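Below is run.pdb, holding PDB, C-alpha atoms and all ligand atoms.
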ATOM      1  CA  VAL D   1      -2.039  30.420 -19.195
ATOM      2  CA  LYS D   2      -4.184  28.146 -21.369
ATOM      3  CA  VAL D   3      -6.103  25.002 -20.410
ATOM      4  CA  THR D   4      -3.856  22.089 -19.455
ATOM      5  CA  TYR D   5      -3.462  19.119 -21.803
ATOM      6  CA  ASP D   6      -2.466  15.943 -19.944
ATOM      7  CA  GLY D   7      -1.952  13.737 -22.994
ATOM      8  CA  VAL D   8      -3.846  10.957 -24.758
ATOM      9  CA  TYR D   9      -6.070   8.354 -23.063
ATOM     10  CA  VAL D  10      -5.935   4.815 -24.451
ATOM     11  CA  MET D  11      -9.355   3.327 -25.216
ATOM     12  CA  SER D  12      -8.393  -0.010 -26.736
ATOM     13  CA  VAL D  13      -5.213  -1.995 -27.390
ATOM     14  CA  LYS D  14      -4.799  -4.705 -30.052
ATOM     15  CA  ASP D  15      -4.251  -7.980 -28.173
ATOM     16  CA  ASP D  16      -1.754  -9.347 -30.705
ATOM     17  CA  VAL D  17       0.738  -6.477 -30.906
ATOM     18  CA  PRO D  18       3.754  -5.462 -28.791
ATOM     19  CA  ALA D  19       1.691  -2.679 -27.214
ATOM     20  CA  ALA D  20      -0.537  -5.305 -25.562
ATOM     21  CA  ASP D  21       2.434  -6.313 -23.412
ATOM     22  CA  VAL D  22       2.758  -2.768 -22.006
ATOM     23  CA  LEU D  23      -0.379  -0.600 -22.245
ATOM     24  CA  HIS D  24      -3.923  -1.164 -21.006
ATOM     25  CA  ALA D  25      -7.257   0.517 -21.667
ATOM     26  CA  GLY D  26      -7.541   3.627 -19.527
ATOM     27  CA  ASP D  27      -3.835   4.451 -19.432
ATOM     28  CA  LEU D  28      -2.779   8.032 -20.078
ATOM     29  CA  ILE D  29       0.180   8.557 -22.400
ATOM     30  CA  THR D  30       2.044  11.747 -21.480
ATOM     31  CA  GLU D  31       5.178  11.629 -23.632
ATOM     32  CA  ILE D  32       6.479   9.800 -26.675
ATOM     33  CA  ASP D  33      10.212   9.683 -27.441
ATOM     34  CA  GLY D  34      11.028  11.975 -24.516
ATOM     35  CA  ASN D  35       8.669  14.755 -25.534
ATOM     36  CA  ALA D  36       5.210  15.938 -24.521
ATOM     37  CA  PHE D  37       2.718  16.559 -27.329
ATOM     38  CA  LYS D  38      -0.063  19.134 -27.288
ATOM     39  CA  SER D  39      -2.781  17.173 -29.077
ATOM     40  CA  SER D  40      -3.820  13.760 -30.339
ATOM     41  CA  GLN D  41      -3.094  15.046 -33.844
ATOM     42  CA  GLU D  42       0.513  15.899 -33.017
ATOM     43  CA  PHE D  43       0.888  12.537 -31.279
ATOM     44  CA  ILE D  44      -0.436  10.709 -34.337
ATOM     45  CA  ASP D  45       1.558  12.824 -36.802
ATOM     46  CA  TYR D  46       4.712  11.952 -34.899
ATOM     47  CA  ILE D  47       4.055   8.209 -35.018
ATOM     48  CA  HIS D  48       3.355   8.464 -38.759
ATOM     49  CA  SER D  49       6.743  10.137 -39.231
ATOM     50  CA  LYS D  50       8.335   6.896 -38.076
ATOM     51  CA  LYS D  51       8.635   3.469 -39.706
ATOM     52  CA  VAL D  52       7.094   0.094 -38.951
ATOM     53  CA  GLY D  53       9.634  -1.703 -36.777
ATOM     54  CA  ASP D  54      10.871   1.469 -35.086
ATOM     55  CA  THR D  55      10.859   1.701 -31.311
ATOM     56  CA  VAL D  56       9.127   4.506 -29.410
ATOM     57  CA  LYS D  57       9.649   5.373 -25.746
ATOM     58  CA  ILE D  58       6.306   5.758 -24.000
ATOM     59  CA  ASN D  59       5.739   7.480 -20.648
ATOM     60  CA  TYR D  60       2.289   6.655 -19.270
ATOM     61  CA  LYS D  61       0.353   6.356 -16.032
ATOM     62  CA  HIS D  62      -1.193   2.999 -15.152
ATOM     63  CA  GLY D  63      -3.663   3.194 -12.288
ATOM     64  CA  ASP D  64      -1.668   5.298  -9.843
ATOM     65  CA  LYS D  65       1.907   4.996 -11.102
ATOM     66  CA  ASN D  66       3.928   6.722 -13.822
ATOM     67  CA  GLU D  67       5.546   4.031 -15.938
ATOM     68  CA  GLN D  68       7.885   4.016 -18.921
ATOM     69  CA  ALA D  69       8.525   1.428 -21.586
ATOM     70  CA  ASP D  70       9.538   0.918 -25.186
ATOM     71  CA  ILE D  71       7.023  -0.251 -27.754
ATOM     72  CA  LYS D  72       7.817  -1.475 -31.247
ATOM     73  CA  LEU D  73       5.660   0.043 -33.975
ATOM     74  CA  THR D  74       3.657  -2.302 -36.174
ATOM     75  CA  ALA D  75       1.558  -1.759 -39.299
ATOM     76  CA  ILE D  76      -1.929  -0.487 -38.422
ATOM     77  CA  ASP D  77      -3.462  -0.562 -41.903
ATOM     78  CA  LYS D  78      -3.146  -2.292 -45.279
ATOM     79  CA  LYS D  79      -1.200   0.724 -46.565
ATOM     80  CA  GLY D  80       1.618   0.148 -44.086
ATOM     81  CA  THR D  81       0.936   3.114 -41.798
ATOM     82  CA  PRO D  82       3.048   2.774 -38.604
ATOM     83  CA  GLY D  83       1.179   2.571 -35.308
ATOM     84  CA  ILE D  84       1.322   1.484 -31.677
ATOM     85  CA  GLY D  85      -1.874  -0.502 -32.161
ATOM     86  CA  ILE D  86      -4.343   1.435 -30.014
ATOM     87  CA  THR D  87      -7.479   3.569 -30.287
ATOM     88  CA  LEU D  88      -7.737   6.870 -28.403
ATOM     89  CA  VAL D  89     -10.636   8.562 -26.627
ATOM     90  CA  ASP D  90     -10.213  11.495 -29.026
ATOM     91  CA  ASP D  91     -11.275   9.172 -31.845
ATOM     92  CA  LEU D  92     -14.814   9.488 -30.485
ATOM     93  CA  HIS D  93      -8.865   2.415 -37.628
ATOM     94  CA  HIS D  94      -6.049   2.275 -35.079
ATOM     95  CA  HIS D  95      -3.152   4.565 -34.194
TER      96      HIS D  95
HETATM   97 BR    BR C   1      -7.283  11.343 -26.355
END

Conversion result in structure tokens:
Amino acid sequence: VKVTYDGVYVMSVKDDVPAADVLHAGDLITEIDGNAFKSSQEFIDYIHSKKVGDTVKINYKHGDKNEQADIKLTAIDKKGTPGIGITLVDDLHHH
């Protein structure tokens, strides 16, 4: 048994994107589109495999409750890269 990976912790959320109406700084994202990822890289790769305008299902914990909601992907860079519009603690550019 290897060390446990809980998911990705949100560090910042763009205030003018759909994500701002769901996520908050500090939230832990555990699954995206019904699946658990094993690293921030896999999580990001997955988002990049989608298209701006697509909808992703996000399972996350806010405070002391496991929530679930859909978030529409927006463009996170001038090149059109799809993203939720958040920065992650692993970053220590938006995803
Ligand atoms: Br992270």

Could you list, as an NGL selection string, every residue matched by the PyMOL selection byres (((not hetatm)) within 6 of (chain C and resi 1)) in this structure? :D and (8-9 or 40 or 88-90)

Compare D:36, D:92, D:58, D:73 by their minimum atom-to-atom distance to residue 23 (chain D), counting only C-alpha atoms, and give me the closest one. D:58

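Between residue 78 (chain D) and the candidates D:33, D:94, D:43, D:11, the tightest atom-to-atom separation, counting only C-alpha atoms, involves D:94.
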
Surrounding residues of residue 93 (chain D) excluding itself and chain neighbours under 5 positions, 8 Å, all atoms listed in the file, as a PDB file with C-alpha atoms, in the frame of the given file:
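In the end it all went to result.pdb:
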ATOM      1  CA  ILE D  76      -1.929  -0.487 -38.422  1.00  0.00           C
ATOM      2  CA  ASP D  77      -3.462  -0.562 -41.903  1.00  0.00           C
ATOM      3  CA  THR D  87      -7.479   3.569 -30.287  1.00  0.00           C
TER       4      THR D  87
END

Where does the PyMOL selection byres (((chain D and resi 66) around 12) and not hetatm) land in this file, that is, which residues does it pick, as a VMD selection string? chain D and resid 23 27 to 31 58 to 65 67 to 69

Gap from CA of residue 82 (chain D) to CA of residue 48 (chain D) - Å, one decimal: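 We find that CA of residue 82 (chain D) and CA of residue 48 (chain D) lie 5.7 Å from each other.
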
How would you write, as a short mmCIF file (atom, residue, chain, number, x, y, z; two decimals) with C-alpha atoms, keeping the file's coordinate frame, the residues chosen by the PyMOL selection byres (((chain D and resi 22) around 9) and not hetatm) on this structure?
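Writing done, so here's part.cif:
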data_model
loop_
_atom_site.label_atom_id
_atom_site.label_comp_id
_atom_site.auth_asym_id
_atom_site.auth_seq_id
_atom_site.Cartn_x
_atom_site.Cartn_y
_atom_site.Cartn_z
CA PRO D 18 3.75 -5.46 -28.79
CA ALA D 19 1.69 -2.68 -27.21
CA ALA D 20 -0.54 -5.30 -25.56
CA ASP D 21 2.43 -6.31 -23.41
CA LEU D 23 -0.38 -0.60 -22.24
CA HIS D 24 -3.92 -1.16 -21.01
CA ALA D 69 8.52 1.43 -21.59
CA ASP D 70 9.54 0.92 -25.19
CA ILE D 71 7.02 -0.25 -27.75
#

Would you mind telling me which residue in D:52, D:17, D:32, D:44 lies nearest to residue 91 (chain D) when using all atoms listed in the file?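 Among D:52, D:17, D:32, D:44, it is D:44 that comes nearest to residue 91 (chain D).
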
What box, with edges along x, y and z, holds each listed atom of region 45-53 of chain D when 6 Å is added on every side, and can you state its centre and edge lengths in Å to one decimal, as AutoDock Vina command-line options?
--center_x 5.6 --center_y 5.6 --center_z -37.3 --size_x 20.1 --size_y 26.5 --size_z 16.8

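Going from CA of residue 81 (chain D) to CA of residue 45 (chain D) covers 10.9 Å.
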
Top pick for closest residue to residue 13 (chain D), considering D:85, D:49, D:56, D:79 and counting only C-alpha atoms: D:85

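Considering all atoms listed in the file, the residue among D:7, D:80, D:34, D:26 positioned nearest to residue 53 (chain D) is D:80.
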
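Coordinates place CA of residue 3 (chain D) at a distance of 29.1 Å from CA of residue 50 (chain D).
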
Using all atoms listed in the file, which protein or nucleic acid residues come within 12 Å of residue 4 (chain D)? Drop anything in the same chain fewer than 5 positions from it, and give the result as a ChimeraX atom specification. /D:37-39

With all atoms listed in the file as the basis for distance, which of D:1, D:84, D:25, D:75 is at the shortest distance from residue 46 (chain D)?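 Of the candidates, the smallest distance to residue 46 (chain D) is held by D:84.
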